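Below is one structure; the comments refer to it alone.
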Protein chains: 2
Amino acid sequence: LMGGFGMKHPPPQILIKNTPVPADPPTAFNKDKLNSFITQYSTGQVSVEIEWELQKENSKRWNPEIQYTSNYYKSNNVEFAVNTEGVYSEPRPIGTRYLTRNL
Amino acid sequence: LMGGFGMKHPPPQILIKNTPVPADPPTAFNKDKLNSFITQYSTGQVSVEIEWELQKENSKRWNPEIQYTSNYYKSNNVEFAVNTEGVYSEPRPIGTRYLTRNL
């Protein structure tokens with residue numbers, strides 16, 4: 001209902017964790033689980049590659065259609081670009097529905 | 001200079017004429033060329049087929065571009081459509097330059 005593709009078997013969940021590294025244990029045995037760990041974090045890169053299938057427009061419509069565009073008029077910033085402070089922003093929601101079909 | 005594709009050998013001129021059909025000549029010989037003809041005209045269909053080669057956009061531009069669009073706002077007529085009297089019109093000149101390239 002929020003939109004998109006419903007699937008019985010969607011892309012699976014990808015779970016990641018830093019494995020705990022204990023700090024120095026005591027030299028006499030203790031049965032309690034170790035609550036003392038080395039402070040730790042990880043970084044890396046992720047690649048996601050999705051192949052998308054397209055359905056072309058076959059239309060016989062004579063007149064030109066509505067298309068999504070940028071507006072030429074001068075502005076302080078470029079839409080869908082970085083800020084003067086380095087902040088990327090998305091100025092507007094963009095749907096998919098521009099081209100037309102008969103009903 | 002008015003625009004388009006200059007060619008040493010452009011598409012050739014296609015010339016068409018109704019062949020003159022004389023009216024009834026006199027029954028005694030006269031050497032003058034015949035100035036009396038049957039009133040006549042022709043009609044038919046013409047097909048022109050042109051194959052056009054395309055050069056695709058390779059751009060790495062991040063932000064969306066300017067595109068030619070129809071405007072959604074309500075109007076008495078549809079642009080590039082027929083009139084209520086049957087008159088087709090072209091409301092605006094449309095150039096080719098919307099997509100961008102680096103210089």
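Naming scheme: A, B, ... for chains in displayed order of the structure tokens; residues 1 onward per chain; ligands 1 onward as shown.
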Residues of chain B within 7 Å of chain A, only C-alpha atoms counted, as a PDB file with N, CA, C and O atoms, in the first residue's frame:
```pdb
ATOM      1  N   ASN B  63      22.160  15.672 -11.989  1.00  0.00           N
ATOM      2  CA  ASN B  63      20.857  16.281 -11.822  1.00  0.00           C
ATOM      3  C   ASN B  63      20.004  16.114 -13.077  1.00  0.00           C
ATOM      4  O   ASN B  63      20.531  15.942 -14.173  1.00  0.00           O
ATOM      5  N   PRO B  64      18.684  16.143 -12.933  1.00  0.00           N
ATOM      6  CA  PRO B  64      17.812  16.007 -14.099  1.00  0.00           C
ATOM      7  C   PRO B  64      17.950  17.184 -15.046  1.00  0.00           C
ATOM      8  O   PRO B  64      18.336  18.290 -14.672  1.00  0.00           O
ATOM      9  N   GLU B  65      17.653  16.932 -16.315  1.00  0.00           N
ATOM     10  CA  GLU B  65      17.819  17.939 -17.357  1.00  0.00           C
ATOM     11  C   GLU B  65      16.571  18.629 -17.857  1.00  0.00           C
ATOM     12  O   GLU B  65      15.458  18.264 -17.498  1.00  0.00           O
ATOM     13  N   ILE B  66      16.754  19.639 -18.693  1.00  0.00           N
ATOM     14  CA  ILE B  66      15.617  20.309 -19.300  1.00  0.00           C
ATOM     15  C   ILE B  66      15.112  19.440 -20.436  1.00  0.00           C
ATOM     16  O   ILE B  66      15.902  18.905 -21.205  1.00  0.00           O
ATOM     17  N   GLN B  67      13.804  19.278 -20.532  1.00  0.00           N
ATOM     18  CA  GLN B  67      13.206  18.478 -21.589  1.00  0.00           C
ATOM     19  C   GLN B  67      12.050  19.264 -22.145  1.00  0.00           C
ATOM     20  O   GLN B  67      11.535  20.154 -21.484  1.00  0.00           O
ATOM     21  N   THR B  69       8.273  19.763 -22.888  1.00  0.00           N
ATOM     22  CA  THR B  69       7.052  19.216 -22.310  1.00  0.00           C
ATOM     23  C   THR B  69       5.830  19.979 -22.774  1.00  0.00           C
ATOM     24  O   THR B  69       5.897  21.144 -23.161  1.00  0.00           O
ATOM     25  N   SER B  70       4.702  19.294 -22.695  1.00  0.00           N
ATOM     26  CA  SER B  70       3.412  19.946 -22.678  1.00  0.00           C
ATOM     27  C   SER B  70       3.106  20.429 -21.270  1.00  0.00           C
ATOM     28  O   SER B  70       3.503  19.811 -20.283  1.00  0.00           O
ATOM     29  N   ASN B  71       2.348  21.509 -21.174  1.00  0.00           N
ATOM     30  CA  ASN B  71       1.949  22.005 -19.866  1.00  0.00           C
ATOM     31  C   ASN B  71       0.608  21.412 -19.483  1.00  0.00           C
ATOM     32  O   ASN B  71      -0.312  21.397 -20.290  1.00  0.00           O
ATOM     33  N   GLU B  79      -2.680  21.605 -27.567  1.00  0.00           N
ATOM     34  CA  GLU B  79      -1.599  22.058 -28.427  1.00  0.00           C
ATOM     35  C   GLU B  79      -1.208  20.968 -29.411  1.00  0.00           C
ATOM     36  O   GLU B  79      -1.158  19.787 -29.064  1.00  0.00           O
ATOM     37  N   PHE B  80      -0.931  21.379 -30.645  1.00  0.00           N
ATOM     38  CA  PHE B  80      -0.601  20.466 -31.738  1.00  0.00           C
ATOM     39  C   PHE B  80      -1.744  19.502 -32.013  1.00  0.00           C
ATOM     40  O   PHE B  80      -1.537  18.318 -32.259  1.00  0.00           O
ATOM     41  N   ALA B  81      -2.963  20.012 -31.961  1.00  0.00           N
ATOM     42  CA  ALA B  81      -4.142  19.226 -32.249  1.00  0.00           C
ATOM     43  C   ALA B  81      -5.040  20.014 -33.182  1.00  0.00           C
ATOM     44  O   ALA B  81      -4.731  21.134 -33.589  1.00  0.00           O
TER      45      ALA B  81
END
```
Review point. Got a sec to tell me which of chain A DSSP assigns to strand (DSSP E or B), as a ChimeraX atom specification?
Key: /A:22,37,82,88
**Study point:** Residues near range 34-43 of chain B, cut-off 6 Å, only C-alpha atoms, skip fewer than 3 positions along chain, as a list in words
**Key:**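 Once the nearby chain positions are removed, what remains is residues 21, 22 and 23 of chain B.
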